[PDB]
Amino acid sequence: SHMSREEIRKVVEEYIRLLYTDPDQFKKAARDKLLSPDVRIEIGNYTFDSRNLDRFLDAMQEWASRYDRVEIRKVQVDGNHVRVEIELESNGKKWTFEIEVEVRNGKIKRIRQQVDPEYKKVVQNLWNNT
């Protein structure tokens, strides 16, 4: 049973809400409900997995306060392959967080994000420090 665009949007919105309102629940839910034990998160050339998740999810909790507005701009489903684009804004600056996801057993098994050239050092530091 795969999910519709609307069902995916509802899940994404709830996790965003948790990130802002109860970040400790965000982290517990992300690791217990949302992400598969074997999850692989491929951010550019850098792979994050369960070994990284405690510190990776903490980093998301802190990064979230950087933005004034967060909105889902695109959800596209194709069987168990999902694409989500989220727009993040702060004072006229706009970032686009775009991810491709594979779902197994109702959980995320793979996440893939591309990274532009000026963000590689950020991701490398995260990989060496989660």
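Heads up: residue numbers just count along the shown sequence, starting at 1.
If you average the C-alpha B-factors over 60 to 68 and over 93 to 101, the higher value belongs to 60 to 68.
In this crystal structure, the stretch out of 51 to 59 and 38 to 46 whose C-alpha atoms carry the higher mean B factor is 51 to 59.
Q114: CA B factor lies in the middle third for its chain, per the PDB record. Per-chain ranking of the deposited C-alpha B factor places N129 in the highest third.
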